[PDB]
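When the letters of the sequence shown are read in order and numbered with the UniProt record's numbering, they come out as residues 256 to 412, 424 to 533. We put the CB at the ideal spot given by N, CA and C, even for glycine. A quick write-up on the structure given underneath.
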Amino acid sequence: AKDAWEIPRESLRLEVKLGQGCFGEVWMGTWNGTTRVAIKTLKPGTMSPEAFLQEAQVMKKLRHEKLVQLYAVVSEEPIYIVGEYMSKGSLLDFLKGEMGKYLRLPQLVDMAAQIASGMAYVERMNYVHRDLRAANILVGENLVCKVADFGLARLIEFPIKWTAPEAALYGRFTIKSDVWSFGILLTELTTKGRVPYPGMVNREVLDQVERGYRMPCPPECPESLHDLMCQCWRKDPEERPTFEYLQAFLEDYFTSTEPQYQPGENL
Ligand SMILES: CC(C)C[C@@H]1NC(=O)c2c1c1c3ccccc3n(CCCCN)c1c1[nH]c3ccccc3c21
């Protein structure tokens, strides 16, 4: 047979390495000498397809403005994956970078809104991400944010700190378990890249969380946004808000929730 996304190898041209990985690397290049693309290569032979194209198989059935776009694939060795190019790289690196110092609440909340918007689409498609966090979020020009990295992210039929209890203990990955991760993601944005649960390892946090402990309101962060985190951190996953609620709440934040927001030294 043949693949509808399959393009010839001579259609692209790798130029600049964007960052090596433990399963390959990412390259900026030109598709047909006109299309600016981002090629995800392969480093043999750890993976070594399981299939490695499963990253793309899901990116075929999904399409949204807040999701990183799939362009094409290459089935023969060396295996390649062509897709949308995000100039600023990972959100985590971006927050930890120089720009993180100048980011304030308006920009941070707006970025979360886009992610919530992207995840709202995923919610409508009846899909789960299973690894929603700042490291898996690509940022481009004009502070645009797009959901990325779809490993084993499938239908409905170890980042423990970002993972919901029922998903870590019983493997019950739902769209409501992604909401949990979104609440953790909101702490990463309000701390500008700090690892959640500071001074706390995987075993002690899982026990502490199961007992009912939740992360405190981060410095300069308003109570209204912290409450949203707690809603996402409710023990019973059915009570967690939808991404439809999350997107709408964030988009209308500085008008309907905090109309009297005054900038601080960090937020
Ligand atoms: C559409 C796809 C093939 C390429 C995507 N486009 C980029 O510009 C880009 C991309 C990825 C990506 C995709 C899938 C899995 C991991 C990926 N990574 C590693 C980051 C850790 C993810 N949790 C990427 C990355 N890293 C950067 C650094 C600087 C500039 C651009 C990218 C950059």
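Cα-Cα separation between residue i and residue j, rounded to whole angstroms
i, j, result
"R291", "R500", "43 Å"
"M481", "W428", "12 Å"
"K458", "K351", "6 Å"
"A430", "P462", "13 Å"
"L491", "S447", "15 Å"
"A408", "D493", "28 Å"
"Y527", "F520", "7 Å"
"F278", "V271", "18 Å"
"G355", "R460", "11 Å"
"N381", "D348", "30 Å"
"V377", "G530", "34 Å"
"residue 416", "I411", "The gap in the chain between 412 and 424 takes in residue 416, so it carries no coordinates here."
"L273", "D404", "16 Å"
"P361", "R318", "27 Å"
"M283", "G478", "45 Å"
"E470", "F424", "15 Å"
Cβ-Cβ separation, residue j to residue i (assumed contact under 8 Å), whole Å
i, j, result
"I262", "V329", "7 Å"
"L322", "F307", "Going by Cβ atoms, the distance from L322 to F307 rounds to 20 Å, so no, they are not a contact pair."
"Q324", "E339", "4 Å"
"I426", "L472", "6 Å"
"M366", "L398", "6 Å"
"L346", "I392", "4 Å"
"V383", "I450", "That pair is no contact at about 16 Å."
"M314", "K401", "Rounded, the Cβ-Cβ distance is 12 Å, inconsistent with contact."
"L516", "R359", "About 15 Å; that fails the 8 Å criterion."
Residue i CB to nearest heavy atom of ligand 1 below 7 Å
i, result
"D404", "yes"
"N391", "yes"
"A293", "yes"
"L273", "yes"
"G459", "no"
"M374", "no"
"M302", "no"
"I336", "yes"
"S266", "no"
"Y340", "yes"
"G352", "no"
"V323", "yes"
"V281", "yes"
"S490", "no"
"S330", "no"
"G276", "yes"
"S443", "no"
"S345", "yes"
Reference residue i, options the options, closest by Cα
i, options, result
"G300", "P525, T289, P333", "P333"
"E280", "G478, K315, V337, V377", "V337"
"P503", "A389, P488, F439", "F439"
"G288", "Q275, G274, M302, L267", "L267"
"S303", "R385, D518, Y335", "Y335"
"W260", "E476, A327, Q497", "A327"
"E305", "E265, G406, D258", "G406"
"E320", "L435, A371, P484, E331", "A371"
"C483", "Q369, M495, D444, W286", "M495"
"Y357", "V445, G284, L455", "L455"
"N468", "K257, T523, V394, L435", "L435"
"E265", "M466, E510, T285", "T285"
"residue 534", "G344, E331, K343", "Absent from the structure is residue 534, since the part of the chain shown begins at 256 and ends at 533."
"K343", "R477, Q312, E353, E396", "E396"
"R385", "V445, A514, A368, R379", "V445"
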